[PDB]
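All residue numbers refer to positions in the sequence shown, counting from 1. Start at 1 and go down the list; that is how both ligands and their atoms are numbered. Just so it is clear, the values below take in all heavy atoms, side chains as well, and ignore hydrogens, waters and symmetry mates.
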Amino acid sequence: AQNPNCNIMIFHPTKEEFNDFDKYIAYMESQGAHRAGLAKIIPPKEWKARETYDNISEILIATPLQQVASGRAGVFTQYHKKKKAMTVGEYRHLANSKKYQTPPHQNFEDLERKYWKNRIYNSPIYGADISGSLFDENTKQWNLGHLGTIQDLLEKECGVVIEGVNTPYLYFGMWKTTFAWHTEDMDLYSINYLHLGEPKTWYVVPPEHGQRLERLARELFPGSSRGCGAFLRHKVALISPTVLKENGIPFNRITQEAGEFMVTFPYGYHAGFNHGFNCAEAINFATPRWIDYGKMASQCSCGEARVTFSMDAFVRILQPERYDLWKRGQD
Ligand SMILES: O=C(O)CNC(=O)C(=O)O
Ligand SMILES: [Mg+2]
Ligand code: NI
Ligand SMILES: [Zn+2]
């Protein structure tokens, strides 16, 4: 078996290899990339997402979210407090203010230490889940707005026609903005492009050991776990690398920089944080190999997780037994 230690693999496709998205994802999996739960893809030097970012200030972040932490430094939950709308221009100025700017640091390792030591004592503001794309319509390769849809994949594999669409989202980050431990909805894949700005650090647990993470999480968040069998679906729990090592949870870390793609694989739990002002674009996708994961994916039916319109049909087709109970949590 390829990649038996489940290391995060980094790929450098040629412009010729960057032409066919599906084929390249299959190639990465033939090399064992999926075993890590996350891969990095460096685009060919010839490729560009768009010509410039000079005109992005006017995007509206309708609902900025302040991420407020409770708990201890290495084991905490965060909730999202809604703030008033601001433009990307205003957000970028806020990110760079003294209150919110990245602190002086020697290197990524020093910044990681400061994140985990001080994250809980501050509340950064995240512009998350904004529908839209920054890929130029004439960018033809790995354009996250022009991938084959999940609904077409499900139709090709299973012969059923369903409603729904699947479009990209933009994320505007600042120092300490955090993504909690999670898999994708229905354990889909994700692809994330860091368009501009400061890096994003990622932690990931190999899919083959996801249940060990979930067991630790049940122990670390005992109330949350009582309230919902799939409470990691709430996307609120953080667990530091130090705590993961103490508990023998296998994981890996890697830092994404601007111009780089990350791909998360089905049932790869991931979490991370942003180093400073940045903008990422992401979307979920499927391949034939996802279908079995989608069929076995855990679901939140407590009401907290509350997901897109498109997810209904995935549950309806792939998890018909779970559909009634799950939809009762959506209504
Ligand atoms: O960029 C972020 O904040 C979160 N991204 C992801 O969880 C992803 O692309 O799968
Ligand atoms: Mg603009
Ligand atoms: Ni994700
Ligand atoms: Zn729940």
Side-chain angles (χ1 to χ4, degrees), residues 36-41 61 64-65 67 77-78 80 115 124-130 134 144 147 166 168-205 207 210 213-214 217-218 221 223-238 254-258 260-286 290 297-305 307-308 311 315 322 325-327 329-330:
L38 175 72
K40 178 186 281 194
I41 305 93
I61 305 172
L65 304 172
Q67 301 185 301
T77 62
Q78 67 185 12
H80 286 170
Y115 176 81
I125 292 165
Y126 208 169
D129 300 312
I130 303 168
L134 288 175
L144 298 196
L147 305 178
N166 159 221
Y169 298 86
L170 299 179
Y171 298 81
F172 291 94
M174 70 172 56
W175 167 233
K176 286 178 172 174
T177 55
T178 300
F179 53 112
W181 282 104
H182 71 287
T183 57
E184 304 310 304
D185 292 338
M186 218 68 188
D187 298 341
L188 283 156
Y189 296 66
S190 64
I191 179 153
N192 183 299
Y193 183 67
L194 191 50
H195 278 289
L196 64 98
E198 302 309 309
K200 189 188 287 287
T201 293
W202 296 69
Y203 304 93
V204 57
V205 173
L213 183 69
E214 301 177 341
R218 287 199 297 278
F221 303 95
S224 306
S225 179
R226 275 187 294 277
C228 182
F231 76 94
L232 300 169
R233 300 280 175 207
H234 307 161
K235 311 207 282 188
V236 301
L238 276 304
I254 193 161
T255 291
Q256 179 190 14
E257 308 190 71
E260 308 188 332
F261 286 89
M262 307 296 292
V263 164
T264 78
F265 293 93
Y267 198 61
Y269 272 102
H270 53 286
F273 63 93
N274 292 300
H275 293 206
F277 173 72
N278 61 18
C279 176
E281 182 169 343
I283 197 176
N284 295 118
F285 74 97
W290 164 72
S298 68
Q299 299 304 344
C300 166
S301 325
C302 89
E304 286 300 310
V307 303
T308 190
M311 228 201 73
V315 183
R322 286 176 181 163
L325 196 66
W326 172 82
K327 194 161 48 62
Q330 245 40 330

Discussion item. Between ligand 1 and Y126, is the shortest N or O to N or O distance under 3.5 Å?
Written reply: yes

Response to the item:
Looking only at protein heavy atoms, what sits closest to atom 1 (O) of ligand 1 is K200 NZ, 2.9 Å

Worksheet entry | is_close_aromatic(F179, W202), centroid dist under 6.0 Å | yes

Worksheet item: If we ignore angles and hydrogens, is there a donor and acceptor under 3.5 Å between the side chains of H234 and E304?
Response: no

Discussion item. Which residue and atom name correspond to the protein heavy atom nearest atom 8 (C) of ligand 1, and how close is it?
Written reply: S190 OG, 3.6 Å

Discussion item. Out of all atoms in ligand 1, which are within 4.0 Å of some heavy atom of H182? Include the element for each.
Written reply: 7 (O)

Worksheet item: Under 3.5 Å, side chain of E281 to main-chain N/O of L144, donor-acceptor pair present?
Response: no

Worksheet entry | the Ni ion (ligand 3) to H182: nearest N/O/S atom name | NE2

Worksheet item: So is there a nitrogen or oxygen of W202 less than 3.5 Å from a nitrogen or oxygen in ligand 1?
Response: no

Worksheet item: Can you check whether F273 and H275 have ring centres sitting under 6.0 Å from each other?
Response: yes

Practice prompt. For a side-chain contact (heavy atoms from CB on, under 4.5 Å) with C279, tell me which candidate from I130, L196, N274 qualifies.
Written response: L196

Practice prompt. With heavy atoms under 4.0 Å as the rule, classify the contact between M262 and ligand 1 as side chain, backbone, both or neither.
Written response: neither

Practice prompt. Report yes if some N/O of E184 lies less than 3.5 Å from some N/O of ligand 1; otherwise report no.
Written response: yes

Item to complete: Could you pull out the atom name of the N/O/S atom in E184 that is nearest the Ni ion (ligand 3)?
Response: OE2

Worksheet item: Which heavy atom of the protein is the closest neighbour of atom 6 (C) of ligand 1, given with residue, atom name and distance?
Response: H270 NE2, 3.9 Å

Worksheet item: Between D129 and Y171, is any side-chain donor less than 3.5 angstrom from a side-chain acceptor?
Response: yes

Item to complete: If the plane angle is over 60° it's perpendicular, under 30° parallel, otherwise tilted; pick one for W175 and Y115.
Response: perpendicular

Worksheet entry | Candidate list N192, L194, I191, test side-chain contact (heavy atoms from CB on, under 4.5 Å), partner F261, passing option | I191

Worksheet entry | Heavy-atom nearest option to atom 9 (O) of ligand 1, drawn from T264, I283, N192 | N192

Worksheet item: With respect to the Zn ion (ligand 4), what is the nearest N, O or S atom of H234?
Response: NE2

Worksheet item: Any side-chain heavy atom of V204 sitting closer than 4.5 Å to one from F265?
Response: no

Worksheet entry | Rounded to 10 degrees, the angle SG of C302 makes with SG of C300 at the Zn ion (ligand 4) | 100°

